[PDB]
Amino acid sequence: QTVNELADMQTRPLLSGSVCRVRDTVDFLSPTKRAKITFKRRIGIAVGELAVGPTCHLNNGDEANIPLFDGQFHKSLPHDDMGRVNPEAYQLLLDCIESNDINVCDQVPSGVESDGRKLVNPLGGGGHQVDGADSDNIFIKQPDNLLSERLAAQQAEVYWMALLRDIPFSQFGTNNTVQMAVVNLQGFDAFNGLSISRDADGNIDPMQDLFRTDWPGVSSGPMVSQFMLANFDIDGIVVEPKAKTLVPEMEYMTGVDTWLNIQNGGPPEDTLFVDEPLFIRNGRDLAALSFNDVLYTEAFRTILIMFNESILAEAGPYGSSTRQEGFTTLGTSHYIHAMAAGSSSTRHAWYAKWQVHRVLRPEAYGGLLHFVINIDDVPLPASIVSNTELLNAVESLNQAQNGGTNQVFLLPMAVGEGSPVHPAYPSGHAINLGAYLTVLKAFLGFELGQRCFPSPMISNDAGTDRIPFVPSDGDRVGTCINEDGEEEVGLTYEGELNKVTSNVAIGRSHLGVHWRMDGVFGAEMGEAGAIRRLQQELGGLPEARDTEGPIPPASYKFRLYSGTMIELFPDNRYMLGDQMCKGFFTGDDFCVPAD
Amino acid sequence: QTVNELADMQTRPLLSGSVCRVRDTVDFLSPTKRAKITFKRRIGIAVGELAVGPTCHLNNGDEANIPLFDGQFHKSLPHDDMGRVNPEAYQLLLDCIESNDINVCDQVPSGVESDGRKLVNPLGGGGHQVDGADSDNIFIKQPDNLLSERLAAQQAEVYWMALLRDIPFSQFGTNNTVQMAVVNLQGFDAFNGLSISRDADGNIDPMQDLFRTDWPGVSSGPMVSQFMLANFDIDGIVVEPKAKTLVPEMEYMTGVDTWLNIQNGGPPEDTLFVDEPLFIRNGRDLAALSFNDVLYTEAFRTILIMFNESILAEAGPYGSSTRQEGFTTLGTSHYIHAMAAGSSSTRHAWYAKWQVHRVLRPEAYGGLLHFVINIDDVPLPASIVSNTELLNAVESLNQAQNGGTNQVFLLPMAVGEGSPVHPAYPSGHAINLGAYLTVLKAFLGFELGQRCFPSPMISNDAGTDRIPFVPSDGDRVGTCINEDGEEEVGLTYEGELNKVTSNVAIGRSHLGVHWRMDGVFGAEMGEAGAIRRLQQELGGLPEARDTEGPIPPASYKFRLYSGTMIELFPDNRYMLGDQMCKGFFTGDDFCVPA
Amino acid sequence: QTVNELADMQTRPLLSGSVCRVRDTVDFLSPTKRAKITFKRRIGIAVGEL
Ligand code: VO4
Ligand code: VO4
């Protein structure tokens, strides 16, 4: 560093946009070499994504074949006195969805003269997604047809749920009206599929099956996820999950006048909440949970609990590391950010809702059922039209609730506004939770998924206190593994994770705004969006490299809602069941054989 | 249709992986014409990212020039009785970082015979990002050198923080002890830059400036953000932000034997929290927040609060819509998911920590300062080595806190474990919060950012109750627009938003784990991480398309931490101050003209 | 084939223009690899001719 050399050295502004092809970073990759690999990888993902080919998003035929759009979403639009849509008005809504243009959509007629309720984001599915699977490129199953047998059965489930809102889950085994609901529901031959939970003999046990799914763990122990019942800690604030829930004994839209005013977009009945907050203990509380939440609220609570319990510290490669722990990759930050991103901001649900299916809501179905039994000529199945057991119970509730008008067969709603003003199929809640939780299950892994949820609880009947949960004979509680790998009879994390999506998705059904299918196949769609993200990300992570040493490369091995086992590997290969596959996951019914 | 046609019709299975070039979707784009445009946009984003070029991430010089690595991070590795790293253990740590290989890193030596504290993710900055700005491709400034005049002014700010931990923010204007600090700090000619707050004259006002930043609104009204004091609603559960904070008058690593055990990676003294939970109202509370948080906790609280008040219902295109609201794009779902994704999983902070800078923590410098005044030779500025006003206070604190041992000048830590086992520069908390709130300000917009935060409150000094906040002469509370569109005097959303990132960032300093630089520059790193993601996403959004009709295309118009106005448009175009720029944002000091 | 899975299976029209990346053909080449090789060869001819 000679006298002259020193005297000659110069400097310049070091700026954010300055470029340095040479720098002293402690990194086995050069500056330009790191950028290139990141570049190639991004191209690969875009090509790979395109190679999947367009999804078979096919309308079920109802819109072309049912008279005056009675099978279609048109809430907040102009209707006649029977709630049939002004056809021009619906035509203008189609122009809106078609166009994906915000100014066109603003021309869609409202059903009241002013302050009418807004369409919830009819442009929402049309965006070109930077990463993950594009808005129109995750499959969901076709919804059942308006006139179908299985739709009647689903509407019957929702009426039953409405009738049982206030009955604590604790007393389902011994309650008379829940037994009646069960017998009634088993009488429907078309009520299978849709992750419906039955016992070993094929019946619907009131305590363990009614209103639940058959996803692994959902029908073991209590209806309510341990995660919806535990204390969680946020920023050192210790929070008991007592919520200002919906008030017992109130229903809405129990008369043609209140129902029709809603269908047109007019001001709702005042929704009312309790004064003293309570734990979740009945169908109305699940309805409340799904009404008062906001995207990842429930999933955020659940990951906070999982951290607090220190279970995620044992997951992934660092589960075997004596000297290190992950944070930004295969540690806490990664887990919590990947969880939130996992649902692709609910955009697949929006594409399916508007561009594809445009399905009517259960409160709209109940309108037709009301007017079929009393003005209209829609050939709904005899299984619901002549179901006097259910229909007598339904009209009594409406009478008590509507100020004494008899023979009204509308779906009593748990909130004054009824459903959100967007189509019924699929549920956005179901996409969101389906995804968030898939992500959690993936990072936890199958094995740690079998670990016992420590100190299980259930709410008392008033929801003022929690009681310890202890397995008995009926419960369906299997083996789990404790902090010591020491086997116990108890609830598993995997099982309790499935219940969170199950409680939220089926909560929307208790609320009166969704059929089972919207939540069940909705959760599938979310599970697929999450898996697509996980797959894209995995290969670029440091811990995805195959290296020399005791610690092996990262992979995600876990179990889907359907129960089939999936294992995700870095190089876009995955195991599905006993099958090896390559490329981007589309669903559990599909596999491009690996070779 | 015909008998024959009907009879010949065939079906096949409808699977998730079936392909349909034709389908009856109600969409102006065909199935192939949608996939292509999406493909084209991904390519374009990838090419634009490549085009920015490799960032000038340049090591300080300390690692080449300071002897026995005394300016570098090596917590949890072996040391001698003076905290000097075993040089062979440090080489192995660099092999670990260089290799980005999990199994190499499992061979970095531990400073204790068994059970030692683990390295926090030295691989974490090596990931190849699917989107946004790649892991190594966000700029942060170089950290000040070990021997710089400004590093010592920063250490001195951290020592003062330690000494002022139990003093209620509301009493800062009148407190004698708080005066001492303010005077001592203005004494450093070097204490400028780093978003340091000062009044109309170049003075550090004890009440409105000390331990604050000069970001718009930060120095107005109360220290603590409204968002960290309001109730929030999660899933129907109403939460009062009363936290089991850290216990008063209780410091850690106040002796050489405790501090060294820690630097060697051994079991920490037990950190104690209060039995009855309190609201935030002093430095030790902000330290607690910053220790007890988890990634987007604070930001989640804040967006929940903004939703509750209905302020996001007014923002963006749908703010002008009579017939529609947004949700998945330019509404609630977009806002909350983009908020969380904005920090790129903290990975920019991680690359800078390990691959670039490898900066020691404030507690490690404290140990240098201690062995300098008493066993060592590193030439630290005399403006700290001879700062007897500050040095007396420090040994008093330590002496009142260890067994009564005199003349230790170690930094008194707020938690038993000291800092996390990762380097100091920048702060992960800062990039995280820097990003989240940037997203929040972008979606809110500048105009709505000027709106009055309703019913402002502060804690009482006990931490047990809230009191209405009332503006008075010397609050620097400015103008805000109310719910009727008339101008009031009161706190703005933007100011209160900024306080959130300030509270958490500076929170880590009150904790004793970061200098100002880590937080202030780190916050700017998070801000760019966030803007880069917003830019990439914007062009592809439905409301970003140019349409005919009264409602205009979407854009993000707001103001940076540094106070410079930014406007992001769909075409990867953006306005920075008065300049029209093109391409991807790197910082407010750089613009490729349009 | 459980009761639930059977009840959930769906069909769609099988048309001349339907596309299937997986099909049960007794063929050592996959559908896409067959199209790819044919594609690469057509380009080779065009290049070779030019
Ligand atoms: O927001 V929903 O699609 O669950 O009615
Ligand atoms: O996790 V930190 O870099 O804010 O100590």
Side-chain angles (χ1 to χ4, degrees), chain A residues 73 75 120-121 124 140 287 289-291 293-295 327-328 331-333 346 348-350 352-354 357 359 361-363 415 417-434 501 504-515 518-519 522-523 525-526, chain B residues 73 75 120-121 124-125 140 287 289-291 293-295 327-328 331-333 343 346 348-350 352-354 357 359 361-363 415 417-434 501 504-515 517-519 521-523 525-526:
Chain A
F73 173 92
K75 176 171 187 173
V120 181
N121 205 357
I140 190 171
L289 174 67
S290 76
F291 177 75
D293 60 22
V294 175
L295 297 305
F327 192 69
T328 67
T332 299
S333 182
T346 340
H348 308 109
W350 257 253
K353 279 159 175 307
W354 302 100
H357 302 290
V359 184
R361 293 274 187 163
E363 73 204 58
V415 299
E417 63 161 52
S419 70
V421 184
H422 57 268
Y425 188 88
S427 159
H429 285 73
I431 274 79
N432 293 325
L433 270 301
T501 99
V504 174
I506 311 304
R508 304 289 295 162
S509 289
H510 295 285
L511 194 63
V513 311
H514 280 304
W515 300 285
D518 311 353
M525 164 174 262
Chain B
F73 170 84
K75 184 174 182 166
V120 187
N121 208 173
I140 196 177
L289 179 58
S290 80
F291 180 70
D293 58 6
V294 176
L295 289 310
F327 190 65
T328 67
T332 305
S333 189
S343 79
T346 330
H348 303 115
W350 250 252
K353 280 168 188 288
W354 294 104
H357 293 314
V359 182
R361 293 281 184 163
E363 84 204 35
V415 293
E417 75 192 63
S419 78
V421 186
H422 63 264
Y425 188 80
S427 146
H429 277 71
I431 94 86
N432 289 319
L433 267 294
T501 155
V504 179
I506 301 307
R508 309 287 289 164
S509 298
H510 292 291
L511 220 233
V513 306
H514 275 302
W515 295 288
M517 64 165 18
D518 315 354
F521 291 156
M525 183 183 227

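Counting starts at 1 for both ligands and their atoms, following the listed order. No hydrogens, no waters, no symmetry mates; every other heavy atom, side chains included, goes into these values. Letters A, B, ... mirror the listed sequences (proteins, then strands); counts begin at 1.
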Check whether any side-chain heavy atom of B/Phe73 lies under 4.5 Å from a side-chain heavy atom of B/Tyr425, and answer yes or no. no

Side-chain donor/acceptor of B/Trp350 to backbone N/O of A/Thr328, under 3.5 Å: no

Contact check, side chains of A/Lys353 and A/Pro426, non-hydrogen atoms, under 4.5 Å: yes

Heavy-atom contacts under 4.0 Å to ligand 2, chain-then-number order, include exactly B/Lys353, B/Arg361, B/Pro420, B/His422, B/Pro426, B/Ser427, B/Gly428, B/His429, B/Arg508, B/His514

B/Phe521: what forms a ring pair (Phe, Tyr, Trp, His ring centres under 6.0 Å) with it, not counting sequence neighbours? none

Note: A/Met525 and A/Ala352 closest approach over all heavy atoms is CE-CB, 4.3 Å

So, does B/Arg508 use its side chain to make a donor-acceptor pair with the main chain of B/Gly519 at under 3.5 Å? no

